[PDB]
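Note on naming: letters A, B, ... go to the chains in the order of the sequence lines (proteins, then strands), and numbering restarts at 1 for each one. All heavy atoms count here, side chains included; hydrogens, waters and symmetry mates do not.
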Amino acid sequence: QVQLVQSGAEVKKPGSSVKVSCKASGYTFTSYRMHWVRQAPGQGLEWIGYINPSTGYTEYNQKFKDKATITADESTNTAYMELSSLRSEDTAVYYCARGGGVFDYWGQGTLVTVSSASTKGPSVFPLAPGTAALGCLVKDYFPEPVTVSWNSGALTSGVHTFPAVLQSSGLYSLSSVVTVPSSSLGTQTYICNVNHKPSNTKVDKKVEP
Amino acid sequence: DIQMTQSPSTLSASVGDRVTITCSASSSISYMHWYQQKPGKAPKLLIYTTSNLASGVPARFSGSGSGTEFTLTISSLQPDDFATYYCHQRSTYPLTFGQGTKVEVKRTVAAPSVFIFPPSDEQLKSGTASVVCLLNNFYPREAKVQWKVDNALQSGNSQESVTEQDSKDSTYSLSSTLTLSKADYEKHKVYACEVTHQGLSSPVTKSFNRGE
């Protein structure tokens, strides 16, 4: 219908390189130059550059000339953006966007994480005490993301699941908490469903005092 | 290259307000465009070439200005409009975007509920202790959280994390996490989280003594 689909998340080591893809649908691919932009935490939008799928011609932002090579593939209807010499500062969401006038149509973004860290499942620890709060500490994992649900999806109200922080160790950590009636404590079951896909780690943690 | 400073950086406003966001370029530019963005989405085009509305975009949005001074106005603020807004320059290379302006929901004071959590024994066995303070459902975001370890004010060894505004009541919730080695943790007795906020006339202190 005019929709750009990018490839999935990437997790790369410093010094390495990665090639992201953006497949187009809903128009004739060569009639519009394809741009790329990055959004780094503290979400600042910066334009990287474009390719013209017809000429093969490219224009780049100075800031990104050392970093990005943008190529296109006319047969497959996809544009590529290759990032080389990866360093932790390259950690960002990347978009492709159509080049007809202003960017009307965007891809859904690809998250790219650059880190010397290695895949590791989280340790999960209980957070334990009208109302009381409890939760789980989801600690020492890499990379993002993690999902936390409660009682296999039955509890949703009062659940806060905090954004992850990056420790000096290069490993993430987060808490997910929920409030509960205090008379239920020794008797009602509360379970953390923690899911860490990147390391295939699923743990169901029951929380009690 | 050409940069745009937006005004204001952050704005708290109520439904039905008149919102005026300024985009100040550093050198002469011909046209300005405005995007809107909500967490986890690619931005949407609202205004193209200084003052032209994009299809589907409500007529409560307007744009104006020339040279290096451009504005976006929301004449009557709606619930869908709470988001980030960026001005965009597309007439010199590199194409550049404004710093953004965050428009948040104004509502009334609400004191947080404070809870402190000692490290589990399970974590203790690994050699690291985490202590956690929770501030639940408060407004405004501004809040002071002082960790005290046998009355010694801690500075630099905790990390904070803050929910986005709650879609129903527009409150926030916050977790401050203190990290210590097992051996260091065992050197002290009283662990305290002290919360300062405007909805509290006095600061609230939650504590425990190491050893149940």
Student: Out of curiosity, A:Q39 CD to B:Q37 CD, how far, rounded to the nearest 0.5 Å?
Tutor: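 Between atom CD of A:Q39 and atom CD of B:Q37 there are 4.0 Å.
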Student: With a 3.5 Å cut-off and sequence neighbours excluded, list the donor-acceptor pairs that the side chains of residues 54-67 of chain B form with protein atoms.
Tutor:
{"unit_1": "B:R60", "atom_1": "NE", "unit_2": "B:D81", "atom_2": "OD2", "d": "3.0"}
{"unit_1": "B:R60", "atom_1": "NH2", "unit_2": "B:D81", "atom_2": "OD1", "d": "3.3"}
{"unit_1": "B:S64", "atom_1": "OG", "unit_2": "B:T71", "atom_2": "OG1", "d": "3.2"}

Student: Do A:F162 and B:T163 make a side-chain contact, defined as non-hydrogen atoms from C-beta onward lying under 4.5 Å apart?
Tutor: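 Of all side-chain heavy-atom pairs linking B:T163 with A:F162, at least one is under 4.5 Å.
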Student: With side-chain contact (heavy atoms from CB on, under 4.5 Å) as the test, would you mind laying out the steps for B:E194 and B:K148 before giving the verdict?
Tutor: CA-CA 8 Å; B:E194 190 219 63; B:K148 287 158 210 200; 2.6 Å; yes
Student: Which heavy atom of A:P163 sits nearest to which heavy atom of B:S161, and what is that distance?
Tutor: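 Answer, listing the atom of A:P163 first, then B:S161: O-OG, 2.7 Å.
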Student: Does anything in residues 175-186 of chain B form a side-chain hydrogen bond (donor to acceptor under 3.5 Å, both in side chains)? List the pairs, not counting sequence neighbours.
Tutor: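 Passing the test, one end in residues 175-186 of chain B: B:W147-B:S176, B:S181-B:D184.
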Student: To the nearest 0.5 Å, tell me how far B:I47 CD1 sits from B:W34 CH2.
Tutor: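 Rounded to the nearest 0.5 Å, the CD1-CH2 separation comes to 9.0 Å.
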Student: Going by distance alone, is a donor N or O of one side chain under 3.5 Å from an acceptor N or O of the other, for A:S176 and A:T161?
Tutor: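 On atom types as modelled, these side chains qualify, holding a pair under 3.5 Å.
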Student: I need the B:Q154 CD to B:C193 SG distance, nearest 0.5 Å.
Tutor: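 It comes to 12.0 Å.
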Student: Less than 4.5 Å apart, side chain to side chain, heavy atoms only: is that true for A:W150 and A:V207?
Tutor: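 Yes; the side chains approach each other to less than 4.5 Å.
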Student: Test of understanding: with side-chain hydrogen bond (donor to acceptor under 3.5 Å, both in side chains), list the residues that count as partners of B:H197, not counting sequence neighbours.
Tutor: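 For B:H197 there are no side-chain hydrogen bond (donor to acceptor under 3.5 Å, both in side chains) partners, ignoring immediate neighbours.
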Student: Should we say atom CD of A:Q62 is surrounded by more than 12 heavy atoms from elsewhere, each under 6.0 Å from it?
Tutor: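 Result for CD/A:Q62: open.
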Student: Do B:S113 and B:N137 have side chains that approach each other closer than 4.5 Å (heavy atoms only, starting at C-beta)?
Tutor: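 No. Closest side-chain heavy atoms not under 4.5 Å.
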Student: Report yes or no: do A:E144 and A:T113 form a side-chain donor-acceptor pair below 3.5 Å?
Tutor: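 Side chains of A:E144 and A:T113: no pair found under 3.5 Å.
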Student: Does the side chain of A:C96 reach to within under 4.5 Å of the side chain of A:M81, using non-hydrogen atoms?
Tutor: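 Answer no - side chains too far apart.
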Student: Does a side chain donor of either B:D169 or B:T171 reach within less than 3.5 Å of an acceptor in the other side chain?
Tutor: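 Distance-only check passes for B:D169 and B:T171.
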Student: For the ring pair B:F97 and B:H88, is the centre-to-centre distance below 6.0 Å?
Tutor: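 Distance test on ring centres: under 6.0 Å, yes.
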Student: To the nearest 0.5 Å, tell me how far B:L174 CG sits from A:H160 NE2.
Tutor: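 Rounded to the nearest 0.5 Å, the CG-NE2 separation comes to 11.0 Å.
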Student: Is the shortest side-chain heavy-atom distance between B:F82 and B:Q165 below 4.5 Å?
Tutor: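 Side-chain contact under 4.5 Å: no.
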Student: Strictly by ring-ring contact (aromatic ring centres under 6.0 Å, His included), give each pair with a member in residues 8-30 of chain A just once, sequence neighbours left out.
Tutor: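 Every ring-ring contact (aromatic ring centres under 6.0 Å, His included) pair that includes a residue of residues 8-30 of chain A, provided the two are not neighbours, is A:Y27-A:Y32.
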Student: How would you list, by chain and number, every residue that makes a salt bridge (charged side-chain N to carboxylate O under 4.0 Å, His left out) with A:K19, sequence neighbours excluded?
Tutor: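 So A:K19 forms no salt bridge (charged side-chain N to carboxylate O under 4.0 Å, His left out) with any residue.
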Student: Do the side chains of A:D104 and B:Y48 get nearer than 4.5 Å, heavy atoms only?
Tutor: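 They are not in contact (no side-chain heavy atoms under 4.5 Å apart), so the answer is no.
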Student: On the 0 to 90° scale, with breaks at 30° and 60°, tag the A:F142-A:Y172 ring pair as parallel, tilted or perpendicular.
Tutor: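 If you compare the ring of A:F142 with that of A:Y172, the planes turn out parallel.
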Student: To the nearest 0.5 Å, how far apart are OG1 in A:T58 and CD1 in A:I51?
Tutor: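 Answer for the OG1-CD1 pair, A:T58 versus A:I51, is 6.0 Å.
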Student: Please, which pairs that meet side-chain hydrogen bond (donor to acceptor under 3.5 Å, both in side chains) have at least one residue in residues 188-201 of chain A, sequence neighbours excluded?
Tutor: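 Qualifying pairs: A:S149-A:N193, A:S184-A:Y190, A:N193-A:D204, A:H196-A:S199, A:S199-A:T201.
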Student: With no hydrogens and no angle check, is any side-chain donor or acceptor of A:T91 less than 3.5 Å from a backbone partner on A:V114?
Tutor: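 Yes, the answer is positive, given that a donor and an acceptor are paired below the 3.5 Å cut-off.
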Student: Can you pull out every side-chain hydrogen bond (donor to acceptor under 3.5 Å, both in side chains) where at least one residue sits in residues 92-102 of chain B? Sequence neighbours excluded, please.
Tutor: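 Of all non-adjacent pairs touching residues 92-102 of chain B, those that pass side-chain hydrogen bond (donor to acceptor under 3.5 Å, both in side chains) are B:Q6-B:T101, B:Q89-B:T92, B:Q89-B:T96, B:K102-B:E104, B:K102-B:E164.
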Student: Return yes if a side-chain donor-acceptor contact under 3.5 Å exists between A:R33 and A:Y50, otherwise no.
Tutor: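 Yes, because at least one side-chain N or O of A:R33 sits under 3.5 Å from a partner of the opposite role on A:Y50.
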Student: Enumerate the residue pairs fulfilling ring-ring contact (aromatic ring centres under 6.0 Å, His included) with a member in residues 70-95 of chain A, sequence neighbours excluded, ordered by first and then second residue.
Tutor: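 Every ring-ring contact (aromatic ring centres under 6.0 Å, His included) pair that includes a residue of residues 70-95 of chain A, provided the two are not neighbours, is A:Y95-A:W106.
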Student: What closest approach, in Å, do A:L86 and A:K12 show between heavy atoms, and which atom pair accounts for it?
Tutor: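 Shortest heavy-atom contact: CD1-CB, 3.5 Å.
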Student: Please collect all salt bridge (charged side-chain N to carboxylate O under 4.0 Å, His left out) contacts where either partner lies in residues 67-82 of chain A, sequence neighbours excluded, each pair once.
Tutor: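 As it turns out, the salt bridge (charged side-chain N to carboxylate O under 4.0 Å, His left out) pairs with a partner in residues 67-82 of chain A, which skip direct neighbours, are A:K67-A:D90.
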Student: Within a reach of under 6.0 Å around OH of B:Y31, are more than 12 heavy atoms found that belong to other residues, nucleotides or ligands?
Tutor: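 At most 12 heavy atoms, drawn from other residues, nucleotides or ligands, come within 6.0 Å of this atom.
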Student: Taking the side chain as everything from C-beta on, heavy atoms only, tell me whether B:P119 gets closer than 4.5 Å to B:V131.
Tutor: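 Answer yes - side chains close enough.
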Student: For a side-chain contact (heavy atoms from CB on, under 4.5 Å) check, start with the C-alpha distance between A:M34 and A:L4, then their side-chain angles and the critical distance, and finish with the verdict.
Tutor: CA-CA 10 Å; A:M34 187 98 251; A:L4 311 154; 3.8 Å; yes
Student: About how many Å separate OG of A:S175 and CG of A:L137, when rounded to the nearest 0.5 Å?
Tutor: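 Reported to 0.5 Å precision, the distance equals 4.5 Å.
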Student: Please report the C-alpha distance between B:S130 and B:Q123 in whole Å, then the side-chain angles of each, then the deciding distance to 0.1 Å, and finally whether the side chain to side chain donor-acceptor pair (under 3.5 Å) criterion is met.
Tutor: CA-CA 8 Å; B:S130 291; B:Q123 187 187 16; 3.1 Å; yes
Student: If you take all heavy atoms of A:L171 and A:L166, which pair is closest and at what distance?
Tutor: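 Nearest pair, atom of A:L171 first, then A:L166: N-CD1, 4.0 Å.
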Student: Compare all side-chain heavy atoms of A:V20 with those of A:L83 and state whether any distance is below 4.5 angstrom.
Tutor: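 No, their side chains stay 4.5 Å or more apart.
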Student: Below 3.5 Å, can you tabulate the donor-acceptor pairs from side chains in residues 9-25 of chain B to any protein atom, sequence neighbours excluded?
Tutor:
{"unit_1": "B:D17", "atom_1": "OD2", "unit_2": "B:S14", "atom_2": "N", "d": "3.0"}
{"unit_1": "B:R18", "atom_1": "NH1", "unit_2": "B:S75", "atom_2": "O", "d": "3.2"}
{"unit_1": "B:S24", "atom_1": "OG", "unit_2": "B:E69", "atom_2": "OE2", "d": "2.4"}

Student: Under 3.5 Å, side chain of B:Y35 to main-chain N/O of A:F103, donor-acceptor pair present?
Tutor: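 Here the side-chain-to-backbone pair exists.
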Student: For B:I74 and B:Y85, what are the C-alpha separation, side-chain angles and deciding distance, and is it a side-chain contact (heavy atoms from CB on, under 4.5 Å)?
Tutor: CA-CA 11 Å; B:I74 320 181; B:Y85 293 90; 3.8 Å; yes
Student: Here's one to test your reading of the geometry: is the NZ or CZ of B:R141 within 45 degrees of the ring axis of B:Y172 and under 6.0 Å from its centre?
Tutor: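 Verdict for B:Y172: a cation-pi partner in B:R141.
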Student: Suppose the criterion is salt bridge (charged side-chain N to carboxylate O under 4.0 Å, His left out): which pairs have a residue in residues 112-135 of chain B, not counting sequence neighbours?
Tutor: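 Every pair satisfying salt bridge (charged side-chain N to carboxylate O under 4.0 Å, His left out) with a residue in residues 112-135 of chain B: A:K205-B:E122.
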Student: I need the minimum non-hydrogen distance between B:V114 and B:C133, along with the two atoms involved.
Tutor: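 Result for this residue pair: CG1-SG, 3.6 Å.
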Student: Could you list the donor-acceptor pairs under 3.5 angstrom formed by side chains in residues 118-128 of chain A, with sequence neighbours left out?
Tutor:
{"unit_1": "A:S118", "atom_1": "OG", "unit_2": "A:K13", "atom_2": "NZ", "d": "3.1"}
{"unit_1": "A:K120", "atom_1": "NZ", "unit_2": "A:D140", "atom_2": "O", "d": "2.7"}

Student: Could you pull out the closest heavy-atom pair between A:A92 and A:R38, with the gap in Å?
Tutor: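 Heavy atoms of A:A92 and A:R38 come nearest at CB-CD, 4.2 Å.
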Student: Can you name the nearest heavy-atom pair linking B:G199 to B:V109, along with the distance?
Tutor: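 Shortest heavy-atom contact: CA-CG2, 3.4 Å.
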Student: Let me see the working for B:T49 and B:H33 under side-chain contact (heavy atoms from CB on, under 4.5 Å), right down to the final yes or no.
Tutor: CA-CA 6 Å; B:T49 45; B:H33 314 73; 4.1 Å; yes
